[PDB]
Amino acid sequence: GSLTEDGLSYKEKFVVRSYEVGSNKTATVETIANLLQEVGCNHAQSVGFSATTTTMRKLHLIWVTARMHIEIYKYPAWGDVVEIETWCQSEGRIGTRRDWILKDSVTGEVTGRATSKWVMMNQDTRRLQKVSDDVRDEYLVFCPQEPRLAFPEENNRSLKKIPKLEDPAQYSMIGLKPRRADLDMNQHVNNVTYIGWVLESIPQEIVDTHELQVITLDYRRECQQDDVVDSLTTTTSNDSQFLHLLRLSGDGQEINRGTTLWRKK
Amino acid sequence: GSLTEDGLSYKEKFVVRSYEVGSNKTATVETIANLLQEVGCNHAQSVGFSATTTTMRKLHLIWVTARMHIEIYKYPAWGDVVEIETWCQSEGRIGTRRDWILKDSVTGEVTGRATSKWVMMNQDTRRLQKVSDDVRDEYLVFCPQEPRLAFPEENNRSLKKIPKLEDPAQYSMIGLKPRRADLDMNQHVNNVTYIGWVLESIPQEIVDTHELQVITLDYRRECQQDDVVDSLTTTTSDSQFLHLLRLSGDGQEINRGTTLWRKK
Ligand SMILES: CN(CC(=O)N1CCCCC1)S(C)(=O)=O
Ligand SMILES: CN(CC(=O)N1CCCCC1)S(C)(=O)=O
Ligand SMILES: CN(CC(=O)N1CCCCC1)S(C)(=O)=O
Ligand SMILES: CN(CC(=O)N1CCCCC1)S(C)(=O)=O
């Protein structure tokens, strides 16, 4: 993997592994999401990060994901090489965005794209805050200044507001809990585990006859390692659409909400 | 990755990923086990497998793991390159063995080793059988003929018999169940998921102060996608533990095993 010529984006190639694919012998959306995280980490390391600045470290501030949006046109097959390009962009005091483009290494065609919205949070109190001027200046040197959007479209799917699923849910998967493999190097639940939990309540008949095209996920609250989650889904719709909610098994505190769009095979 | 000069073993290099490491910023044993599976698949593909032969296909026979043994001396750090070498060997009518050696790509030092025992089974009836005459003949051309053992020591850890944990267990993790990410391309629970489930009942204080050195796991019965498992652990001692995974309801054994942990 390497930074591009101008130093404002990063590219990495991945060979899809045997355990990374589903029933169709193509990469799952969770494998894709893990590769987006990996190419994001390699980008931060390449531009000098130990992805927080010394000022953010001094203030105990971290970056946290507020929204993830992925659209896949073709999932790479087992053994295929997929090239992924990533870059960040400031969105003023609101926060920052990291975008990705996925391409088939043989054809050069775009096979997928993704975008994420990030905000600043105090790592100890968990309180949100706007991006300060001094912190913003420190990051701007690593980002393109003219807009570079993975989803440029007028009223695209990545910016649609997601409503709260009302009980009763059409489908449910209950008592889901994280194991050590679901934790990151800081003992927090990996963002990708929440995508997997959302998808646990989709009926297997949908998974067998459809392919996942779009997934948009809002992150409201972190699932702790001793938490238990319930995954809820209700059909909202040749394409099928679903509304999703992940909430704590006991009191029903919302941890995530989202939508998926599936196209018939 | 590629076959070696003689065509009897396969080597592949892997760069340890950010999500592949634990709290020590080194590869988890489940990441290691997934890389052993990956280099094993790449070996079968390189020597012409579509890892069953046309004769096995005609009989609806598959290879199934009976035992996995892994010993790690140093877990590769995030960003490190680990080289893994794998080969198979016939063990007469009993079955076959796949062995692996892990090395640090910078130093060339052996950082770990693994071995697995495999038997043939009818995929539909789930009935076991010894190597069916013409089967070992079609496989022998891909294996070294002189013994090549990852664990050569006469009667070492990889061959020790594992007893059944008696109730009550010292520690337990109950109601564990597989999600889609735990399934393979054939909708079966991935072998590596059972390693993760065995380790769920080890206390977090052990994980925080010790490193896992050895894990031996016996595979008795497959967990179906709608099954729920209980993970049981009892200290037997370095720290040593005895493990049992059984179905949450009736208590049918799915796995049993042992672990050895070294103090940091
Ligand atoms: C929101 N993602 C996290 C991410 O991109 N990263 C985490 C570490 C910083 C940059 C890379 S994801 C695909 O859900 O894992
Ligand atoms: C919000 N990002 C931080 C960021 O903008 N930067 C980090 C290094 C690349 C560009 C600058 S993230 C997704 O956490 O890496
Ligand atoms: C027993 N293992 C399976 C394995 O090595 N393989 C499966 C596919 C054929 C060869 C590779 S493991 C590391 O526990 O997944
Ligand atoms: C038991 N193995 C099959 C085998 O003997 N072989 C086929 C592939 C390489 C040559 C040898 S396994 C671990 O399932 O690949």
# chains A, B, ... in the order shown; residues from 1 in each chain; ligands from 1
>>> residues_near_ligand(ligand="ligand 4", cutoff="9 Å", atoms="only C-alpha atoms and all ligand atoms", output="PyMOL selection string")
chain B and resi 8-10+37+40-49+51-53+62-65+86-90+95-99+116-120+136+139-143
>>> residues_around(residues="segment 211-225 of chain B", least_positions_apart="4", cutoff="7 Å", atoms="only C-alpha atoms", output="PyMOL selection string")
chain B and resi 65-73+158+178+189+207+253-264
>>> write_last_selection(atoms="N, CA, C and O atoms", output="mmCIF file, in the first residue's frame")
data_model
loop_
_atom_site.group_PDB
_atom_site.id
_atom_site.type_symbol
_atom_site.label_atom_id
_atom_site.label_comp_id
_atom_site.auth_asym_id
_atom_site.auth_seq_id
_atom_site.Cartn_x
_atom_site.Cartn_y
_atom_site.Cartn_z
ATOM 1 N N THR B 65 -11.498 -32.203 10.322
ATOM 2 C CA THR B 65 -10.486 -32.065 11.356
ATOM 3 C C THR B 65 -10.928 -32.836 12.607
ATOM 4 O O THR B 65 -12.061 -32.668 13.084
ATOM 5 N N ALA B 66 -10.039 -33.656 13.140
ATOM 6 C CA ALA B 66 -10.281 -34.393 14.383
ATOM 7 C C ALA B 66 -9.524 -33.684 15.543
ATOM 8 O O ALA B 66 -10.007 -33.670 16.670
ATOM 9 N N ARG B 67 -8.382 -33.055 15.246
ATOM 10 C CA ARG B 67 -7.589 -32.390 16.250
ATOM 11 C C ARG B 67 -6.735 -31.283 15.647
ATOM 12 O O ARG B 67 -6.178 -31.441 14.545
ATOM 13 N N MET B 68 -6.621 -30.164 16.395
ATOM 14 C CA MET B 68 -5.792 -29.017 16.057
ATOM 15 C C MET B 68 -4.832 -28.756 17.261
ATOM 16 O O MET B 68 -5.234 -28.858 18.411
ATOM 17 N N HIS B 69 -3.567 -28.507 16.987
ATOM 18 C CA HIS B 69 -2.573 -28.223 18.037
ATOM 19 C C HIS B 69 -1.733 -27.036 17.561
ATOM 20 O O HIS B 69 -1.148 -27.114 16.498
ATOM 21 N N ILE B 70 -1.646 -25.959 18.353
ATOM 22 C CA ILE B 70 -0.866 -24.792 17.965
ATOM 23 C C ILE B 70 0.040 -24.400 19.127
ATOM 24 O O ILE B 70 -0.413 -24.379 20.280
ATOM 25 N N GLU B 71 1.317 -24.112 18.833
ATOM 26 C CA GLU B 71 2.259 -23.623 19.831
ATOM 27 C C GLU B 71 2.882 -22.316 19.320
ATOM 28 O O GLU B 71 3.515 -22.308 18.265
ATOM 29 N N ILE B 72 2.691 -21.216 20.058
ATOM 30 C CA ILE B 72 3.222 -19.902 19.664
ATOM 31 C C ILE B 72 4.283 -19.440 20.653
ATOM 32 O O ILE B 72 4.047 -19.464 21.862
ATOM 33 N N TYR B 73 5.472 -19.072 20.125
ATOM 34 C CA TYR B 73 6.598 -18.565 20.909
ATOM 35 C C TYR B 73 6.569 -17.021 20.940
ATOM 36 O O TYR B 73 6.934 -16.406 21.940
ATOM 37 N N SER B 158 1.343 -32.383 21.386
ATOM 38 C CA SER B 158 0.371 -32.595 20.303
ATOM 39 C C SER B 158 -0.281 -33.960 20.265
ATOM 40 O O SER B 158 -1.268 -34.131 19.559
ATOM 41 N N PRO B 178 -23.374 -19.002 17.007
ATOM 42 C CA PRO B 178 -22.728 -18.449 15.812
ATOM 43 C C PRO B 178 -23.568 -17.417 15.051
ATOM 44 O O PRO B 178 -24.806 -17.522 14.945
ATOM 45 N N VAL B 189 -20.027 -23.980 10.535
ATOM 46 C CA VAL B 189 -19.275 -23.136 11.468
ATOM 47 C C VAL B 189 -17.768 -23.310 11.193
ATOM 48 O O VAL B 189 -17.281 -24.443 11.016
ATOM 49 N N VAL B 207 -5.936 -13.545 30.726
ATOM 50 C CA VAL B 207 -5.642 -12.950 29.436
ATOM 51 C C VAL B 207 -4.799 -11.671 29.562
ATOM 52 O O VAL B 207 -3.911 -11.438 28.752
ATOM 53 N N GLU B 253 -21.405 -33.138 24.051
ATOM 54 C CA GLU B 253 -20.057 -32.612 23.811
ATOM 55 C C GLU B 253 -19.829 -32.282 22.343
ATOM 56 O O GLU B 253 -20.057 -33.129 21.487
ATOM 57 N N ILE B 254 -19.350 -31.064 22.054
ATOM 58 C CA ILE B 254 -18.959 -30.733 20.700
ATOM 59 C C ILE B 254 -17.397 -30.710 20.610
ATOM 60 O O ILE B 254 -16.842 -31.139 19.611
ATOM 61 N N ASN B 255 -16.701 -30.203 21.655
ATOM 62 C CA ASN B 255 -15.230 -30.147 21.677
ATOM 63 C C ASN B 255 -14.704 -30.354 23.084
ATOM 64 O O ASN B 255 -15.403 -30.071 24.053
ATOM 65 N N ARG B 256 -13.438 -30.732 23.201
ATOM 66 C CA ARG B 256 -12.726 -30.724 24.467
ATOM 67 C C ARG B 256 -11.279 -30.283 24.176
ATOM 68 O O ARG B 256 -10.799 -30.446 23.031
ATOM 69 N N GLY B 257 -10.615 -29.677 25.168
ATOM 70 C CA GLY B 257 -9.239 -29.225 24.919
ATOM 71 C C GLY B 257 -8.463 -28.769 26.127
ATOM 72 O O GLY B 257 -8.951 -28.884 27.257
ATOM 73 N N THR B 258 -7.201 -28.356 25.898
ATOM 74 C CA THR B 258 -6.323 -27.839 26.953
ATOM 75 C C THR B 258 -5.563 -26.590 26.458
ATOM 76 O O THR B 258 -5.311 -26.433 25.257
ATOM 77 N N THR B 259 -5.187 -25.719 27.381
ATOM 78 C CA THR B 259 -4.364 -24.555 27.068
ATOM 79 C C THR B 259 -3.250 -24.424 28.108
ATOM 80 O O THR B 259 -3.374 -24.894 29.237
ATOM 81 N N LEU B 260 -2.129 -23.846 27.694
ATOM 82 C CA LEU B 260 -0.993 -23.601 28.582
ATOM 83 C C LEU B 260 -0.661 -22.138 28.376
ATOM 84 O O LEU B 260 -0.563 -21.690 27.222
ATOM 85 N N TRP B 261 -0.589 -21.372 29.465
ATOM 86 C CA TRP B 261 -0.350 -19.931 29.437
ATOM 87 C C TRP B 261 0.937 -19.621 30.199
ATOM 88 O O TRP B 261 1.165 -20.203 31.268
ATOM 89 N N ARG B 262 1.804 -18.740 29.613
ATOM 90 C CA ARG B 262 3.077 -18.261 30.177
ATOM 91 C C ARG B 262 2.874 -16.856 30.805
ATOM 92 O O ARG B 262 2.282 -16.005 30.162
ATOM 93 N N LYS B 263 3.332 -16.618 32.043
ATOM 94 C CA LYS B 263 3.217 -15.302 32.676
ATOM 95 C C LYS B 263 4.064 -14.268 31.920
ATOM 96 O O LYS B 263 5.209 -14.554 31.563
ATOM 97 N N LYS B 264 3.472 -13.098 31.614
ATOM 98 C CA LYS B 264 4.154 -12.027 30.884
ATOM 99 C C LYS B 264 5.385 -11.509 31.623
ATOM 100 O O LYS B 264 5.252 -10.911 32.691
#
>>> residues_near_ligand(ligand="ligand 1", cutoff="7 Å", atoms="only C-alpha atoms and all ligand atoms", output="MDAnalysis selection string")
chainID A and resid 33:34 36:41 44 51 65 68 116 190:192
>>> closest_residue(among="A:181, A:232, A:159, A:64", to="residue 126 of chain A", atoms="only C-alpha atoms")
A:64
>>> closest_atom_pairs(of="chain A", to="chain B", cutoff="10 Å", atoms="only C-alpha atoms", output="Markdown table")
| residue | atom | partner | partner_atom | distance |
| --- | --- | --- | --- | --- |
| A:17 | CA | B:38 | CA | 6.5 |
| A:18 | CA | B:38 | CA | 6.0 |
| A:19 | CA | B:184 | CA | 6.1 |
| A:20 | CA | B:184 | CA | 8.1 |
| A:21 | CA | B:185 | CA | 6.0 |
| A:22 | CA | B:185 | CA | 4.6 |
| A:23 | CA | B:185 | CA | 4.5 |
| A:24 | CA | B:185 | CA | 7.1 |
| A:25 | CA | B:185 | CA | 5.9 |
| A:26 | CA | B:185 | CA | 8.7 |
| A:27 | CA | B:185 | CA | 9.9 |
| A:28 | CA | B:181 | CA | 8.1 |
| A:29 | CA | B:181 | CA | 9.7 |
| A:30 | CA | B:181 | CA | 7.5 |
| A:31 | CA | B:181 | CA | 8.8 |
| A:34 | CA | B:19 | CA | 7.2 |
| A:35 | CA | B:17 | CA | 9.1 |
| A:37 | CA | B:19 | CA | 7.9 |
| A:38 | CA | B:18 | CA | 6.0 |
| A:39 | CA | B:18 | CA | 9.4 |
| A:40 | CA | B:18 | CA | 9.8 |
| A:41 | CA | B:18 | CA | 7.1 |
| A:42 | CA | B:18 | CA | 8.6 |
| A:78 | CA | B:185 | CA | 9.8 |
| A:79 | CA | B:42 | CA | 9.2 |
| A:175 | CA | B:175 | CA | 8.5 |
| A:176 | CA | B:177 | CA | 8.1 |
| A:177 | CA | B:176 | CA | 8.1 |
| A:178 | CA | B:176 | CA | 9.5 |
| A:179 | CA | B:200 | CA | 6.8 |
| A:180 | CA | B:200 | CA | 7.1 |
| A:181 | CA | B:196 | CA | 7.1 |
| A:182 | CA | B:19 | CA | 9.0 |
| A:183 | CA | B:22 | CA | 7.6 |
| A:184 | CA | B:19 | CA | 6.1 |
| A:185 | CA | B:23 | CA | 4.4 |
| A:186 | CA | B:23 | CA | 5.9 |
| A:187 | CA | B:23 | CA | 6.5 |
| A:188 | CA | B:23 | CA | 9.9 |
| A:190 | CA | B:19 | CA | 7.9 |
| A:192 | CA | B:19 | CA | 9.7 |
| A:193 | CA | B:181 | CA | 9.2 |
| A:196 | CA | B:181 | CA | 7.1 |
| A:197 | CA | B:179 | CA | 8.0 |
| A:199 | CA | B:180 | CA | 8.4 |
| A:200 | CA | B:179 | CA | 6.8 |
| A:204 | CA | B:180 | CA | 9.8 |
>>> write_last_selection(atoms="N, CA and C atoms", output="compact mmCIF listing (two decimals), in the first residue's frame")
# COMPACT_ATOMS: atom_id res chain seq x y z
N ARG A 17 -9.52 -13.57 0.98
CA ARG A 17 -9.21 -14.86 1.59
C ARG A 17 -10.37 -15.87 1.64
N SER A 18 -10.02 -17.18 1.74
CA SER A 18 -10.98 -18.28 1.83
C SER A 18 -12.02 -18.06 2.94
N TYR A 19 -11.60 -17.64 4.15
CA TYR A 19 -12.55 -17.44 5.27
C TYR A 19 -13.32 -16.13 5.26
N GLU A 20 -13.00 -15.28 4.30
CA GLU A 20 -13.55 -13.95 4.14
C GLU A 20 -14.81 -13.92 3.26
N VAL A 21 -15.15 -15.06 2.61
CA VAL A 21 -16.28 -15.13 1.68
C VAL A 21 -17.48 -15.88 2.24
N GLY A 22 -18.65 -15.57 1.69
CA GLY A 22 -19.91 -16.21 2.06
C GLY A 22 -20.31 -17.35 1.12
N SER A 23 -21.61 -17.72 1.13
CA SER A 23 -22.18 -18.81 0.32
C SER A 23 -21.98 -18.63 -1.19
N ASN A 24 -21.92 -17.38 -1.65
CA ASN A 24 -21.71 -17.06 -3.08
C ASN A 24 -20.20 -17.09 -3.48
N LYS A 25 -19.30 -17.43 -2.54
CA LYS A 25 -17.85 -17.43 -2.75
C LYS A 25 -17.31 -16.03 -3.13
N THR A 26 -17.99 -14.96 -2.65
CA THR A 26 -17.57 -13.57 -2.79
C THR A 26 -17.49 -12.95 -1.37
N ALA A 27 -16.68 -11.89 -1.22
CA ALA A 27 -16.42 -11.24 0.07
C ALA A 27 -17.68 -10.77 0.75
N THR A 28 -17.83 -11.06 2.05
CA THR A 28 -19.00 -10.57 2.78
C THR A 28 -18.88 -9.04 2.94
N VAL A 29 -19.98 -8.36 3.30
CA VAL A 29 -19.91 -6.93 3.56
C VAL A 29 -19.08 -6.63 4.82
N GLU A 30 -18.99 -7.60 5.77
CA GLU A 30 -18.16 -7.43 6.95
C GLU A 30 -16.68 -7.51 6.58
N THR A 31 -16.29 -8.43 5.65
CA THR A 31 -14.90 -8.46 5.16
C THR A 31 -14.58 -7.10 4.50
N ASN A 34 -14.04 -4.38 7.14
CA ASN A 34 -12.75 -4.57 7.81
C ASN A 34 -11.58 -4.07 6.95
N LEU A 35 -11.64 -4.31 5.63
CA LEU A 35 -10.65 -3.81 4.67
C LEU A 35 -10.71 -2.26 4.57
N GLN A 37 -11.48 -0.32 7.13
CA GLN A 37 -10.80 0.06 8.38
C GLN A 37 -9.29 -0.07 8.24
N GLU A 38 -8.84 -1.19 7.65
CA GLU A 38 -7.43 -1.47 7.45
C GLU A 38 -6.76 -0.44 6.55
N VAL A 39 -7.36 -0.12 5.40
CA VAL A 39 -6.78 0.89 4.52
C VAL A 39 -6.83 2.31 5.18
N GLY A 40 -7.80 2.56 6.06
CA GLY A 40 -7.88 3.81 6.80
C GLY A 40 -6.74 3.93 7.82
N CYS A 41 -6.42 2.84 8.52
CA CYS A 41 -5.33 2.79 9.48
C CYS A 41 -3.99 2.96 8.76
N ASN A 42 -3.79 2.25 7.63
CA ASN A 42 -2.53 2.36 6.90
C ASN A 42 -2.33 3.81 6.38
N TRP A 78 -13.48 -14.88 -4.04
CA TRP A 78 -12.36 -15.52 -3.35
C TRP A 78 -11.13 -15.60 -4.31
N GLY A 79 -10.00 -15.04 -3.87
CA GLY A 79 -8.80 -15.04 -4.70
C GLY A 79 -8.61 -13.78 -5.54
N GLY A 175 -30.42 -11.59 22.20
CA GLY A 175 -29.36 -12.09 23.06
C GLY A 175 -28.01 -12.18 22.41
N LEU A 176 -27.72 -11.30 21.47
CA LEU A 176 -26.43 -11.25 20.80
C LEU A 176 -25.40 -10.62 21.75
N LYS A 177 -24.19 -11.21 21.86
CA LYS A 177 -23.18 -10.63 22.73
C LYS A 177 -21.77 -10.75 22.13
N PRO A 178 -20.91 -9.74 22.35
CA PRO A 178 -19.56 -9.80 21.78
C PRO A 178 -18.61 -10.79 22.45
N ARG A 179 -17.75 -11.42 21.65
CA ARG A 179 -16.71 -12.29 22.19
C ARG A 179 -15.34 -11.54 22.02
N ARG A 180 -14.21 -12.08 22.54
CA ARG A 180 -12.93 -11.39 22.42
C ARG A 180 -12.57 -11.02 20.97
N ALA A 181 -12.85 -11.90 20.00
CA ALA A 181 -12.56 -11.62 18.59
C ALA A 181 -13.29 -10.37 18.09
N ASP A 182 -14.43 -10.00 18.71
CA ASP A 182 -15.16 -8.78 18.31
C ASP A 182 -14.53 -7.47 18.85
N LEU A 183 -13.57 -7.57 19.76
CA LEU A 183 -12.95 -6.39 20.35
C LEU A 183 -11.73 -5.95 19.53
N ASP A 184 -11.43 -4.65 19.59
CA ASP A 184 -10.27 -4.04 18.94
C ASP A 184 -9.05 -4.03 19.89
N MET A 185 -7.91 -3.46 19.48
CA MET A 185 -6.71 -3.44 20.34
C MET A 185 -6.86 -2.65 21.65
N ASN A 186 -7.92 -1.82 21.76
CA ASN A 186 -8.27 -1.00 22.93
C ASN A 186 -9.40 -1.59 23.77
N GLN A 187 -9.83 -2.83 23.46
CA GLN A 187 -10.88 -3.58 24.14
C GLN A 187 -12.29 -2.99 23.95
N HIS A 188 -12.50 -2.26 22.86
CA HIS A 188 -13.80 -1.71 22.50
C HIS A 188 -14.38 -2.58 21.41
N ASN A 190 -15.48 -3.66 17.96
CA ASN A 190 -15.14 -3.21 16.61
C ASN A 190 -16.42 -2.71 15.90
N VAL A 192 -17.32 -2.89 12.94
CA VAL A 192 -17.80 -3.88 11.98
C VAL A 192 -18.73 -4.94 12.63
N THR A 193 -18.54 -5.21 13.93
CA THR A 193 -19.40 -6.16 14.65
C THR A 193 -20.87 -5.70 14.63
N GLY A 196 -22.60 -6.69 11.44
CA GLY A 196 -22.96 -8.11 11.55
C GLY A 196 -24.21 -8.34 12.36
N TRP A 197 -24.32 -7.63 13.49
CA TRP A 197 -25.50 -7.74 14.36
C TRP A 197 -26.78 -7.21 13.70
N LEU A 199 -27.39 -7.28 10.49
CA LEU A 199 -27.72 -8.27 9.50
C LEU A 199 -28.22 -9.62 10.08
N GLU A 200 -28.03 -9.88 11.40
CA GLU A 200 -28.51 -11.14 11.97
C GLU A 200 -30.01 -11.32 11.96
N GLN A 204 -32.96 -15.56 6.39
CA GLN A 204 -32.01 -16.31 5.58
C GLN A 204 -32.48 -16.45 4.11
>>> select_by_dssp(residues="segment 24-70 of chain A", states="alpha helix (DSSP H)", output="list in words")
residues 29, 30, 31, 32, 33, 34, 35, 36, 37, 38, 39, 40, 41, 42, 43, 44, 45, 46, 54, 55, 56, 57, 58 and 59 of chain A
>>> residues_around(residues="residue 113 of chain A", least_positions_apart="6", cutoff="7 Å", atoms="only C-alpha atoms", output="number ranges by chain")
A: 70-72, 100-102, 150
>>> write_last_selection(atoms="N, CA and C atoms", output="PDB file, in the first residue's frame")
ATOM      1  N   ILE A  70     -22.163   2.206   2.917  1.00  0.00           N
ATOM      2  CA  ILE A  70     -21.430   1.404   1.941  1.00  0.00           C
ATOM      3  C   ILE A  70     -22.379   1.025   0.810  1.00  0.00           C
ATOM      4  N   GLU A  71     -21.926   1.165  -0.451  1.00  0.00           N
ATOM      5  CA  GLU A  71     -22.684   0.712  -1.599  1.00  0.00           C
ATOM      6  C   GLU A  71     -21.780  -0.214  -2.439  1.00  0.00           C
ATOM      7  N   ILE A  72     -22.194  -1.476  -2.615  1.00  0.00           N
ATOM      8  CA  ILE A  72     -21.441  -2.465  -3.372  1.00  0.00           C
ATOM      9  C   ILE A  72     -22.177  -2.836  -4.655  1.00  0.00           C
ATOM     10  N   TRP A 100     -14.106   6.232   0.594  1.00  0.00           N
ATOM     11  CA  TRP A 100     -13.373   5.129  -0.015  1.00  0.00           C
ATOM     12  C   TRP A 100     -13.981   4.824  -1.370  1.00  0.00           C
ATOM     13  N   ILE A 101     -13.131   4.343  -2.304  1.00  0.00           N
ATOM     14  CA  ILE A 101     -13.544   3.835  -3.591  1.00  0.00           C
ATOM     15  C   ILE A 101     -12.914   2.451  -3.732  1.00  0.00           C
ATOM     16  N   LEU A 102     -13.722   1.446  -4.104  1.00  0.00           N
ATOM     17  CA  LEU A 102     -13.255   0.078  -4.326  1.00  0.00           C
ATOM     18  C   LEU A 102     -13.255  -0.178  -5.821  1.00  0.00           C
ATOM     19  N   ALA A 150     -17.004  10.728  -2.513  1.00  0.00           N
ATOM     20  CA  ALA A 150     -17.325   9.401  -3.027  1.00  0.00           C
ATOM     21  C   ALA A 150     -18.801   9.345  -3.459  1.00  0.00           C
TER      22      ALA A 150
END
>>> select_by_dssp(residues="segment 167-230 of chain A", states="strand (DSSP E)", output="list in words")
residues 171, 172, 173, 174, 175, 176, 210, 211, 212, 213, 214, 215, 216, 217, 218, 219, 229 and 230 of chain A
>>> residues_near_ligand(ligand="ligand 2", cutoff="10 Å", atoms="only C-alpha atoms and all ligand atoms", output="MDAnalysis selection string")
chainID A and resid 8:10 36:37 39:49 51:53 62:65 86:91 95:99 115:120 136 138:144
>>> atom_distance(atom1="atom CA of residue 16 of chain B", atom2="atom CA of residue 75 of chain B")
10.0 Å
>>> residues_around(residues="residue 133 of chain B", least_positions_apart="3", cutoff="10 Å", atoms="only C-alpha atoms", output="list in words")
residues 92, 93, 130, 136, 137 and 138 of chain B
>>> closest_residue(among="B:172, B:74, B:32, B:103", to="ligand 3", atoms="only C-alpha atoms and all ligand atoms")
B:32
>>> residues_around(residues="segment 164-166 of chain B", least_positions_apart="4", cutoff="8 Å", atoms="only C-alpha atoms", output="PDB file with C-alpha atoms, in the first residue's frame")
ATOM      1  CA  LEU B 232     -16.466 -24.635  30.419  1.00  0.00           C
ATOM      2  CA  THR B 233     -12.930 -24.243  31.917  1.00  0.00           C
ATOM      3  CA  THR B 234     -11.193 -25.634  35.065  1.00  0.00           C
ATOM      4  CA  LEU B 242      -8.972 -28.093  30.847  1.00  0.00           C
ATOM      5  CA  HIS B 243     -11.833 -27.093  28.495  1.00  0.00           C
ATOM      6  CA  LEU B 244     -15.207 -28.479  27.309  1.00  0.00           C
ATOM      7  CA  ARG B 256     -12.726 -30.724  24.467  1.00  0.00           C
TER       8      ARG B 256
END
>>> closest_residue(among="A:214, A:77, A:189, A:174", to="residue 233 of chain A", atoms="only C-alpha atoms")
A:174
>>> atom_distance(atom1="atom CA of residue 123 of chain B", atom2="atom CA of residue 80 of chain A")
28.3 Å
>>> closest_residue(among="A:153, A:6, A:218, A:83", to="residue 259 of chain A", atoms="only C-alpha atoms")
A:218
>>> decode(residues="segment 9-22 of chain A", atoms="N, CA and C atoms", output="mmCIF file, in the first residue's frame")
data_model
loop_
_atom_site.group_PDB
_atom_site.id
_atom_site.type_symbol
_atom_site.label_atom_id
_atom_site.label_comp_id
_atom_site.auth_asym_id
_atom_site.auth_seq_id
_atom_site.Cartn_x
_atom_site.Cartn_y
_atom_site.Cartn_z
ATOM 1 N N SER A 9 -4.201 11.061 -0.623
ATOM 2 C CA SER A 9 -5.009 9.842 -0.589
ATOM 3 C C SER A 9 -4.096 8.612 -0.487
ATOM 4 N N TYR A 10 -4.669 7.471 -0.134
ATOM 5 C CA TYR A 10 -3.883 6.267 0.047
ATOM 6 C C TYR A 10 -4.514 5.102 -0.659
ATOM 7 N N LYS A 11 -3.701 4.230 -1.276
ATOM 8 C CA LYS A 11 -4.202 3.056 -1.999
ATOM 9 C C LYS A 11 -3.571 1.768 -1.487
ATOM 10 N N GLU A 12 -4.363 0.692 -1.415
ATOM 11 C CA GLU A 12 -3.886 -0.622 -0.996
ATOM 12 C C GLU A 12 -4.681 -1.708 -1.722
ATOM 13 N N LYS A 13 -3.996 -2.795 -2.110
ATOM 14 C CA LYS A 13 -4.563 -3.948 -2.803
ATOM 15 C C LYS A 13 -4.683 -5.115 -1.799
ATOM 16 N N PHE A 14 -5.764 -5.875 -1.871
ATOM 17 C CA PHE A 14 -6.017 -6.990 -0.953
ATOM 18 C C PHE A 14 -6.435 -8.230 -1.757
ATOM 19 N N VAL A 15 -5.903 -9.401 -1.409
ATOM 20 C CA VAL A 15 -6.291 -10.638 -2.079
ATOM 21 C C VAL A 15 -7.385 -11.230 -1.202
ATOM 22 N N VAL A 16 -8.611 -11.345 -1.700
ATOM 23 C CA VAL A 16 -9.725 -11.904 -0.890
ATOM 24 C C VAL A 16 -9.454 -13.358 -0.366
ATOM 25 N N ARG A 17 -9.520 -13.566 0.976
ATOM 26 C CA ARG A 17 -9.207 -14.855 1.590
ATOM 27 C C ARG A 17 -10.365 -15.873 1.641
ATOM 28 N N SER A 18 -10.017 -17.179 1.744
ATOM 29 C CA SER A 18 -10.979 -18.277 1.834
ATOM 30 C C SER A 18 -12.016 -18.057 2.937
ATOM 31 N N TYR A 19 -11.598 -17.640 4.155
ATOM 32 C CA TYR A 19 -12.551 -17.442 5.268
ATOM 33 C C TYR A 19 -13.320 -16.129 5.260
ATOM 34 N N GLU A 20 -13.000 -15.277 4.301
ATOM 35 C CA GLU A 20 -13.554 -13.948 4.137
ATOM 36 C C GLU A 20 -14.812 -13.925 3.264
ATOM 37 N N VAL A 21 -15.154 -15.062 2.608
ATOM 38 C CA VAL A 21 -16.279 -15.130 1.681
ATOM 39 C C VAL A 21 -17.480 -15.879 2.237
ATOM 40 N N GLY A 22 -18.653 -15.566 1.691
ATOM 41 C CA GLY A 22 -19.911 -16.213 2.056
ATOM 42 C C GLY A 22 -20.314 -17.350 1.124
#
